[PDB]
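Asks:
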Amino acid sequence: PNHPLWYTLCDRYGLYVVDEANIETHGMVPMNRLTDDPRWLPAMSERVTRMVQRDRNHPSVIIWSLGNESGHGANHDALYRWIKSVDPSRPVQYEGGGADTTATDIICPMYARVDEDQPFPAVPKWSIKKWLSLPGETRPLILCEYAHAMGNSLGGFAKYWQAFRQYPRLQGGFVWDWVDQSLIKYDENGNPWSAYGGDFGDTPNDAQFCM
Amino acid sequence: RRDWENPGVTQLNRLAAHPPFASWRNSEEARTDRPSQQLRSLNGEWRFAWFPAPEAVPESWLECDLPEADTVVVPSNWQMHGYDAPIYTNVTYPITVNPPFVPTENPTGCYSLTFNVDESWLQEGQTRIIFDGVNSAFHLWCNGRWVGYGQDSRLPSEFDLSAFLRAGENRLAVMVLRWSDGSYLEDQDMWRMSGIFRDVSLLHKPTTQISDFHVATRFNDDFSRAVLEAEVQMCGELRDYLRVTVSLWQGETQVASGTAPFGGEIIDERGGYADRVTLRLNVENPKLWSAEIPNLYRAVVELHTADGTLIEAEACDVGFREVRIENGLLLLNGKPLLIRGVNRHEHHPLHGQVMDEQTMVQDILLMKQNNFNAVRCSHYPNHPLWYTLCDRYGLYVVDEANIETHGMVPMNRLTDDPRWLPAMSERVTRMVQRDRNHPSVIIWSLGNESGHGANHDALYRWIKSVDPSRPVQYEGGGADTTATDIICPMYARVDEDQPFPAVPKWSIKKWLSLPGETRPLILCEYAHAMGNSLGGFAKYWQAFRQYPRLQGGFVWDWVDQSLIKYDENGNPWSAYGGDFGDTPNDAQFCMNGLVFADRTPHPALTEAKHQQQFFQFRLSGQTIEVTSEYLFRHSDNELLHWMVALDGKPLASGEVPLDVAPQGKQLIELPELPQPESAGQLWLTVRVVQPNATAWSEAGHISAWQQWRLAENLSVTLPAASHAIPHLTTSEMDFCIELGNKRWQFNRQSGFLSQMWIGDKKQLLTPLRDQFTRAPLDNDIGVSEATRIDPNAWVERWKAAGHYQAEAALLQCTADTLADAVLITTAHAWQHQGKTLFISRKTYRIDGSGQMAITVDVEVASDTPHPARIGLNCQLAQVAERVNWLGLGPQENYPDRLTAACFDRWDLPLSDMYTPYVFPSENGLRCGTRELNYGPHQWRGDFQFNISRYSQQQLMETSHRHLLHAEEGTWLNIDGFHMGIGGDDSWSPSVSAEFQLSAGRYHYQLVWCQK
Amino acid sequence: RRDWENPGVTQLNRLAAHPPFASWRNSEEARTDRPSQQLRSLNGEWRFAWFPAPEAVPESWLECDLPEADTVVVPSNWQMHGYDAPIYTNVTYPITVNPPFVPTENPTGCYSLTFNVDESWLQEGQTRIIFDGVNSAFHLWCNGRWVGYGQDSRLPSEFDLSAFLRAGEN
Ligand SMILES: O=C1O[C@H](CO)[C@H](O)[C@H](O)[C@H]1O
Ligand SMILES: [Mg+2]
Ligand SMILES: [Mg+2]
Ligand SMILES: [Mg+2]
Ligand code: NA
Ligand code: NA
Ligand code: NA
Ligand code: NA
Ligand code: NA
Ligand code: NA
């Protein structure tokens, strides 16, 4: 959940917002170890319910998100239903566990390619055109993350947009991401320079992967 | 920190819930389910001290035993020991509604125990203590050191004591609080007690252990093949040498087995569960489990090293069955179920809410003997043994979460509050985690009467997610919300709608077809058996059998929640609300069972057994069509016994072997019956007898029966000629008729028969008078809260109309001497405040044979509430030992509750003609009676009657059966007509129109003579 | 009670969540969305002291300012002021994965602020304190008395201070 003023600005300047609960357990093994554990349901539910209770009147918020990279747990299904019950005005999405589980109204993969499949075991990232028509599937597809803009990047960006425009159910996505997470540091001469992972003695760290 | 006033803290240091563990260290023992040395019981004599509040408990108690304490038995409810009073309140909370706060004066029970621990348990593995039930919250200490905290009174709380124990003597200190924020979720309609009411045990597990395991059974289209999947979870040192072996047994024969190392399949980008493994075993033509035939297999889960070293083994009984809802029908192994269920609380008249095996077994045997096949755990998870028993004897179970917030306003104030979601989820999730392997459990319930909140939807989905093998139901908020797979209303009537705002209770037939509705309907509660009740019960079962989607319901309920008290002479008597100084209270509304607290049946139990029969019959000429409502079993322990009798006189009889396939039919043509000599009605009575004893019944057990009127030959022969002629003697005050040794006396002032003489003795203590009222039944009083007096209740309407105060006004009284008899004509009018309620016109014809023909014709004002009865009553001077009659019996039966009774010649001791309802009311009636015999007297005609030593007046003025005193002589009530008793619920008029005496004009005739 | 190592305790005495409030006492001010005198900002210069673990925090800190504390701007992340190093890791947790436990060495930031309220606030009404964001958990004290606890670094944590306030400096 963002600083309260962000939603007011989006309401006024006009930007569609996906409000996401502060829940990410990426480092767990497997990713859903905690989210599928009934003992963590209470902590998770407050992160979802208190978000909804705070931002439910903002017109800019058009979609609720259960969080990020926490696999797919029964806690997600429970909280998904909680929202649908409390606020039927907004669709609920969540990418964890395969991007098309029972906890999301929208097929929302991260980095699924336009034409090329990535048949990872359990959590495959199908070509987005193919994903749409898998037997039984009918939901819309909007990538929660795509076109990773790390450094000299965004190659193949036009391929996505040609697809978004030709396929009615391919409704876009959110580029990753807006601003480099670099921090300022000063050399002996007092001159500032852009720093990243490990430049503060922090270790282990993931170097430039924060930009 | 006052954790007992924080819905955010429902436990501290409590271990995760799981299925029943015994930690066997020998596979064979696990297979045979014999005792486990690793599982000890700490039940027995403990120390106990009561305190008005926790702040009163002295610090010394934590380290040393309190001198003031007493030695009591555990498990037990401390109210049953007299430390404080048990409180019976229905809806209104026993404490002020100010969540999450509880009264500062909070009864606190300090339990303590000194016990031994073998050094062997502390040298390796983990030693935990398990409290199966503590009401309602508690703190634990071991040897002076604080261990943990827990809430929810109906599920086990476990704690690791490995680092607190010492070899030899140890001391536990448990401070149990009566009230806690947990109480807000425990407002069930029952006695509010407290203490350590369930088993306390010590379990020892290896460091590398089985921490959890789930068993599932999937089938192919025709159930000719199955796959048993067992997911096993472990804790501790994870190594490549570890393995899990799940073997399935049928008796001593291993039918299947699978072995595998840990490391589940990949589930997400981070991999899978390295601490889990799933074994899949193929089973061909498995023996399916059902309440009809509870086939069970034994599954043994072995944790071991690849090379053969057993670390530990766990196990459970596996019932191969599939529960699914398809096309609107609840199916068991592919067949539509017809739920013959009942709600059952855990109650004992002496021990309170503490359950024991014998009581559980008795209940199950009684339930199955009375054709019940299902039970609902109203309204909390039960004692662990209950499920094992239901698995083995065969009963479908609805496992219900310990959540009820009935007293809140509105009912969903807390269930719709996300801040209460945590406390609620634990009551649901821990239940499922504990009972998911029991085959007997076929449906999960989210709780009872807590309205409908978002929390319910969240938890509904949580269960659908973790356990897709069982349907989920919940009645709150309308009985058909998004939180239930089954339309499960309570007290919805068969044909009549009750359009309550927001939460209407539609007629069940109409409910099924509401636009868009497709779900099956099974009432979670119906046919309230409070006192003299269950009228209209047959109407439900006729509908259940005609409507596919009406699949039954659970009667409310199994046993009266009465407690035993003692008088000055030390004699026991049944007590209810308010009998312990408890107030506010809801008096007798805690007694709604088909059986008494001591399990003695109420008359209504036979009505239930009859309507719930598994065999249906139809007659056509000499042929009896038998249909089986069994879904799986054949009638391989049933024989049909038939009997034809003429007005109680046996003419013919015989038996035929029953051989009908489930859902099948069998035709049985009866022999060429011999045309009877005497005049009268021939009656055919058939009954299904179980030749062989079973695990739930004795040899000869009768499971079903049905009666039919056969040929009837009306008597056209006139009785012999009378020798003498009755003589009339007149005085201003009376008309006295004499014929031999017999004398009749009619008071000319009252207009009633005031006396009769048979030989040299008088026969009446009170004159024979009209009666239009009855001691009000609980259904007539119609209240569920001792504070609400519904003016619409039958008793209130009769009282306001003056039925109980109307006095008889004589309009006519004349005598006439005929050729061979004397005729007495009378007319009375009952009035109240210038309003004529009833008019009774009679004639008494006493002829030369010594018989008195009484013809009665009554008019009832159309605008006065329909009368409870239309008959006569009097107090006979004598008391006989037996009561003999030709009519419906042998047990008590009323107009809307008499399908179970059979027409025949019955003979019972006087005492059996009185039903001992704890709260006294009209009782013991028997209908369709053509002849009644008592002492020298005989009454003939077509009436209903009850006979006892208690007058309607005494019954009406007495609150407890033990306060009744036999009156002199015998009170007789003979009715031409009697109102139905109803019972669809006991807090509103529930007697169907067809059983209301609204005809305006009534006629009945009786012949009184000597036998 | 080490509430920061128990997922069963995500807060203590925290008020219920709700949409943005200002408690306008004038309808036109609310319509125009102008400022509300009933809503005060406490952003500015606070007193801060860093500690390697909560056990290192001196009980004296609850009663009066710590001499070794510095004056810093709030809101802010103490890493940006140089009290300790910000850490950049993608997937792998920055602490040993052993739920619900965290390191015994747990950087602790002790913030404090002396203030006072309008006389009428001491008279009637409910006065609450709102922390729009605290990373990652915290205990709150007012005039030396414990008020509450709260988690979740990205949503506001509110507490009723009504029964703690007093005339003069708080
Ligand atoms: O609706 C109900 O009716 C019964 C009345 O005896 C009893 O109170 C049950 O617990 C409740 O669910
Ligand atoms: Mg609590
Ligand atoms: Mg209730
Ligand atoms: Mg915590
Ligand atoms: Na598109
Ligand atoms: Na990154
Ligand atoms: Na049916
Ligand atoms: Na009741
Ligand atoms: Na048979
Ligand atoms: Na009475």
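Protein chains in written order, with the deposited numbering: chain A, 393 to 603; chain B, 13 to 1023; chain C, 13 to 182. Virtual Cβ for every residue (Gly too), placed ideally from N, Cα, C.
Applying the 10 Å Cβ sphere with the 16-neighbour rule, what's the burial state of residue 380 of chain B?
Replies: Here residue 380 of chain B corresponds to residue number 368 of the second sequence, with the count starting at 1. Residue 380 of chain B is buried by the Cβ-count criterion.
Asks: Between which two residues does the beta strand (DSSP E) harbouring residue 296 of chain B extend?
Replies: Numbered from its first residue, the second sequence carries residue 296 of chain B at position 284. Per DSSP, residue 296 of chain B belongs to the beta strand (DSSP E) from 288–296.
Asks: Within 7 Å: the Cβ of residue 154 of chain B and any heavy atom of ligand 6?
Replies: In the second sequence, residue 154 of chain B corresponds to position 142, counting from 1. Residue 154 of chain B Cβ: outside cutoff for every heavy atom of ligand 6.
Asks: So, for residue 206 of chain B: in the same chain, excluding its five sequence neighbours on each side, which residues have a beta-carbon less than 6 Å away from its beta-carbon?
Replies: On the second sequence, residue 206 of chain B is found 194 positions in, with the first residue counted as 1. Excluding sequence neighbours, residue 206 of chain B sits near 147, 190.
Asks: Between residue 417 of chain B and ligand 2, is there a pair consisting of the residue's CB and a ligand heavy atom that are separated by less than 7 Å?
Replies: Position 405 of the second sequence, counted from the start, is the residue given in the question as residue 417 of chain B. It does not: the Cβ of residue 417 of chain B is nowhere closer than 7 Å to a heavy atom of ligand 2.
Asks: DSSP puts residue 861 of chain B in a beta bridge; with which residues?
Replies: The residue you call residue 861 of chain B lines up with position 849 of the second sequence. DSSP, once it has assigned bridges, lists no residue as partnering residue 861 of chain B.
Asks: List in chain order: all unbroken beta strand (DSSP E) runs of 3+ residues lying wholly within the region 675–763 of chain B.
Replies: 677–681, 692–702, 713–725, 739–742, 746–751, 754–759
Asks: Are residue 60 of chain B and residue 84 of chain B close, meaning C-beta to C-beta below 8 Å?
Replies: The count along the second sequence starts at 1 and reaches residue 60 of chain B at position 48. The count along the second sequence starts at 1 and reaches residue 84 of chain B at position 72. Closer than 8 Å, so yes.
Asks: Give a single yes or no on whether residue 304 of chain B has its beta carbon closer than 7 Å to a heavy atom of ligand 9.
Replies: The count along the second sequence starts at 1 and reaches residue 304 of chain B at position 292. Outside the cutoff, so no.
Asks: Under three-state DSSP, which class holds residue 248 of chain B?
Replies: Residue 248 of chain B sits at position 236 when you count from the first residue of the second sequence. In this structure, residue 248 of chain B counts as coil in the three-state DSSP scheme.
Asks: What would DSSP say about residue 430 of chain A, mapped onto helix, strand or coil?
Replies: Counting from 1 along the first sequence, the entry for residue 430 of chain A is found at position 38. In the structure shown, residue 430 of chain A sits in a helix (DSSP, three-state: H, G or I).
Asks: Could you check whether residue 53 of chain B and residue 302 of chain B sit closer than 8 Å to each other, using their CB atoms as the reference points?
Replies: Translated into positions along the second sequence, residue 302 of chain B becomes position 290. Translated into positions along the second sequence, residue 53 of chain B becomes position 41. For residue 302 of chain B and residue 53 of chain B, no; Cβs fall outside 8 Å.
Asks: Should residue 785 of chain B be counted as a contact of ligand 10 given a C-beta to heavy atom distance under 7 Å?
Replies: Position 773 of the second sequence holds residue 785 of chain B. Checking the Cβ of residue 785 of chain B against ligand 10 gives no.
Asks: May I have the straight-line CA-CA distance separating residue 251 of chain B from residue 113 of chain B, to the nearest angstrom?
Replies: In the second sequence, the residue the question calls residue 251 of chain B occupies position 239. In the second sequence, the residue the question calls residue 113 of chain B occupies position 101. Approximately 49 Å, taken between the alpha carbons.
Asks: Counting contacts by CB-CB distance shorter than 8 Å, is residue 900 of chain B in contact with chain F?
Replies: Absent from the structure is chain F; the protein chains it does hold are A, B and C.
Asks: Indicate, with yes or no, if ligand 10 has a heavy atom lying under 7 Å from the CB of residue 927 of chain B.
Replies: Mapped onto the second sequence, residue 927 of chain B falls at position 915. Not under cutoff, so the answer is no.
Asks: For residue 21 of chain C, which residues in chain B fall below 8 Å Cβ to Cβ?
Replies: For the purposes of this step, residue 21 of chain C is taken as residue 9 along the third sequence, with counting starting at 1. Those are 20, 21, listed as they occur along chain B.
Asks: According to the neighbour-count rule (16 or more other Cβ atoms, all chains shown, within 10 Å of its Cβ), is residue 414 of chain B buried or exposed?
Replies: Start at 1 with the first residue of the second sequence, and residue 414 of chain B comes out as number 402. It is buried - the Cβ of residue 414 of chain B has at least 16 other Cβ atoms within 10 Å.
Asks: Between the region 832–847 of chain B and the region 771–779 of chain B, do three or more beta carbon pairs fall short of 8 Å?
Replies: no
Asks: Terminal residues of the continuous alpha helix (DSSP H) containing residue 966 of chain B?
Replies: The residue labelled residue 966 of chain B in the question sits at position 954 within the second sequence. Taken as a continuous stretch (DSSP letters only), the alpha helix (DSSP H) holding residue 966 of chain B covers 964–969.
Asks: For ligand 5, I want to know if residue 556 of chain A counts as a neighbour, meaning its beta carbon is within less than 7 Å of at least one of the ligand's heavy atoms.
Replies: Here residue 556 of chain A is taken as the residue at index 164 of the first sequence, counted from 1. Because some heavy atom of ligand 5 lies under 7 Å away, the Cβ of residue 556 of chain A counts as near it: yes.
Asks: For residue 176 of chain B, I'd like the list of residues in its chain whose CB is within less than 7 Å of its CB, leaving aside the five on either flank, ordered along the chain.
Replies: The residue given as residue 176 of chain B occupies position 164 in the second sequence. The answer, listed in chain order, is 154, 155, 157, 159.
Asks: Would the C-beta of residue 21 of chain B count as close to ligand 2, meaning under 7 Å from any of its heavy atoms?
Replies: Residue numbering aside, residue 21 of chain B sits at position 9 when the second sequence is read from its first letter. Yes; taking the cut-off as 7 Å, the Cβ of residue 21 of chain B has a heavy atom of ligand 2 nearer than that.
Asks: Work out the CA separation of residue 21 of chain B and residue 67 of chain C for me, nearest whole Å.
Replies: Sequence index remark: in the third sequence, residue 67 of chain C carries index 55 (1-based). Sequence index remark: in the second sequence, residue 21 of chain B carries index 9 (1-based). The alpha-carbon atoms of residue 67 of chain C and residue 21 of chain B are separated by roughly 24 Å.
Asks: The region 79–94 of chain C: which residues have C-beta closer than 7 Å to a C-beta of chain A, in chain order?
Replies: none
Asks: Would you call the region 180–197 of chain B and the region 224–241 of chain B touching, i.e. three or more CB-CB distances under 8 Å?
Replies: no
Asks: With residue 328 of chain B as the anchor, note down where its beta strand (DSSP E) starts and where it stops.
Replies: Counted from its first residue, the second sequence places residue 328 of chain B at position 316. Run containing residue 328 of chain B: 322–330, per the beta strand (DSSP E) assignment.
Asks: With a cut-off of 8 Å on the beta carbons, I'd call residue 272 of chain B and residue 256 of chain B a contact; round off their distance for me.
Replies: Reading the second sequence from its first residue, position 260 is the one you call residue 272 of chain B. Reading the second sequence from its first residue, position 244 is the one you call residue 256 of chain B. Going by Cβ atoms, the distance from residue 272 of chain B to residue 256 of chain B rounds to 6 Å, so yes, they are a contact pair.
Asks: Taking CB distances under 8 Å as the criterion, tell me whether residue 164 of chain C reaches chain A.
Replies: On the third sequence, residue 164 of chain C is found 152 positions in, with the first residue counted as 1. At least one C-beta of chain A is nearer than 8 Å to the C-beta of residue 164 of chain C.
Asks: With burial defined as no fewer than 16 other Cβ atoms inside 10 Å of the residue's Cβ, what is the status of residue 585 of chain A: buried or exposed?
Replies: Numbered from 1 along the first sequence, position 193 holds the residue referred to as residue 585 of chain A. Classification of residue 585 of chain A: exposed, given that the 10 Å Cβ count is below 16.
Asks: Does the contact criterion of 3 or more C-beta pairs under 8 Å hold for the region 554–570 of chain B versus the region 579–599 of chain B?
Replies: no
Asks: Using a Cβ-Cβ distance under 8 Å, would residue 285 of chain B count as near chain A?
Replies: Taking the second sequence and counting its residues from 1, one reaches residue 285 of chain B at position 273. Output row for residue 285 of chain B: interface = yes.
Asks: If I'm right that residue 435 of chain B touches residue 464 of chain B with Cβ under 8 Å, what's the distance once you round it to whole angstroms?
Replies: Here residue 435 of chain B corresponds to residue number 423 of the second sequence, with the count starting at 1. Here residue 464 of chain B corresponds to residue number 452 of the second sequence, with the count starting at 1. Wrong, their Cβ atoms sit about 17 Å apart, outside the cutoff.
Asks: Taking DSSP's pairing of strands, which residues face residue 353 of chain B in a bridge?
Replies: Here residue 353 of chain B refers to the residue found at position 341 when the second sequence is read from its first residue. Answer is B:386, B:566, bridged to residue 353 of chain B.
Asks: CB-CB under 6 Å to residue 576 of chain B, same chain, minus the five flanking residues each way: which ones, in chain order?
Replies: For this step, residue 576 of chain B is matched to residue 564 along the second sequence. Counting only Cβ-Cβ distances below 6 Å, and skipping sequence neighbours, we find 361, 362, 584.
Asks: Mind checking whether the beta-carbon of residue 878 of chain B lies closer than 7 Å to any heavy atom of ligand 1?
Replies: Taking the second sequence and counting its residues from 1, the one referred to as residue 878 of chain B is at position 866. Distances between the C-beta of residue 878 of chain B and the heavy atoms of ligand 1 are all 7 Å or more.
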